[PDB]
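The data below comprise the sequence and an experimental structure of the protein.
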Amino acid sequence: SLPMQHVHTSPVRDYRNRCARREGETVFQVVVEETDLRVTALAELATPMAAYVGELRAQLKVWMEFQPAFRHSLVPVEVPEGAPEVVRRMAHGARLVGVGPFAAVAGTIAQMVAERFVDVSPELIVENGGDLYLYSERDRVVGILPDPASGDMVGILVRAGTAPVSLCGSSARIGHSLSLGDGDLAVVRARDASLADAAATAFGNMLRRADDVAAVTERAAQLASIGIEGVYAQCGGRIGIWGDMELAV
Ligand code: NA
Ligand code: NA
């Protein structure tokens with residue numbers, strides 16, 4: 001789904017120094033209730049991946065029973081050391097940009113699923129709605145939005161060697177207004193998907209009019225020291241880009 005879909009290219013860089021074993025990439029869907037993943041891997045992992053997602057989901061359900069204000073908080077929430085990993089990572093990402101833990105759920109799940117299986121699939125792309133986690137040794141292009149006029153896809157380049165990384169977008173579907181120029185969208189790049197996902201929410205919230213685009217790229221630049229690597233912001237015909245954001249068309 002757009003935004004954040006792997007788009008197939010032949011790479012200019014491909015630091016896999018062997019390419020025996022695995023050039024064959026498989027693509028499958030992991031669906032567990034309302035968590036819906038699209039995965040590109042070197043092995044067939046749908047089954048163990050659904051079991052793992054099921055488990056992360058159970059932990060959140062249990063944590064929500066214990067901390068009733070967690071699910072709908074619009075502000076940072078304190079969590080103890082004994083809390084589940086998924087809960088702690090979302091809470092931390094949300095606290096860095098001053099939003100609620102659930103603003104980081106989808107990014108957190110994509111990165112954790114990816115971390116759990118990268119050992120058996122060193123090429124691995126986990127797409128969770130508008131959030132995407134990538135491990136890779138070649139150039140990869142992550143599609144953001146189509147250009148209706150051009151007739152084709154606009155994406156962000158993740159150069160070989162720079163993954164693992166998150167690309168997290170402020171909207172999950174398109175959209176209905178969502179295309180190049182048209183419709184509000186923030187996309188955030190960071191190693192920590194909890195931060196990228198919470199930031200995409202914070203930046204999304206701040207995009208109300210054209211003039212807000214500059215407030216987002218400026219704010220993203222302020223957040224470089226806590227992990228923010230780049231931002232793409234679109235609103236009201238204005239497009240602003242900060243940091244490590246090279247577009248491929
Ligand atoms: Na997507
Ligand atoms: Na978010």
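Arrived safely. Residues are numbered from 1 along each chain as shown. Ligands and ions are numbered 1, 2, ... in the order given.

of all of the protein, which residue lies closest to ligand 2?
In the chain, the residue that lies nearest ligand 2 is residue 201 (3.6 Å; Cβ to the ion). Yep, even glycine has a C-beta here, placed from its N, CA and C like the rest.

how about that residue, secondary structure?
Classification of residue 201 by DSSP: H, G, I helix; E, B strand; the rest coil places it in helix.

Contacts only, for it.
97, 99, 103-104, 170 (Cβ atoms under 8 Å, 6 or more residues apart in numbering).

Quick check: residues of this structure near ligand 2?
Applying Cβ under 5 Å from the ion, we find that the chain lies next to ligand 2 at 103, 197, 200-201.

repeat that with 8 Å
Within the chain, the positions lying close to ligand 2 (Cβ under 8 Å from the ion) are 99, 103-107, 131, 168, 170, 197-201, 204.

Among these, name the ones in strands.
131, 168 (DSSP state E).

filter the residues of the chain next to ligand 2 down to the ones near ligand 1?
Here is what survives when the residues of the chain next to ligand 2 are matched to ligand 1 using Cβ under 8 Å from the ion: residue 131.

close enough to count as contact, residue 57 and residue 35?
Yes - the criterion here is Cβ atoms under 8 Å, and residue 57 meets it with residue 35 at 6.3 Å.

Tell me which of these two has more neighbours.
When residue 57 and residue 35 are compared for neighbours, residue 35 comes out ahead with 19 against 16, by other Cβ atoms under 10 Å.

Do you have the strands of the chain handy? List them.
Applying DSSP E to the chain gives strands spanning 5-7, 26-32, 35-41, 124-128, 131-135, 140-147, 152-158, 165-169, 185-190, 228-235, 238-243, 247-248.

Contact partners for residue 146?
Contacts for residue 146 (Cβ under 8 Å, 6+ apart) come out as 2, 152-154, 174, 179-180.

Would you point out the most distant pair within the residues you listed?
Put simply, by Cβ to Cβ the two of those set farthest apart are 152 and 174, 14.7 Å from each other.

So which of the two has more stuff around it?
Neighbour count, other Cβ under 10 Å: between residue 152 and residue 174, residue 174 has more, with 17 against 11.

Quick check: phi and psi at that one.
With angles defined as degrees, to the nearest 10, residue 174 sits at phi -120, psi 80.

so what's it closest to, chain neighbours aside?
Spatially, and ignoring its direct neighbours in sequence, residue 174 is nearest to residue 2 (4.7 Å; Cβ to Cβ, 6 or more residues apart in numbering).
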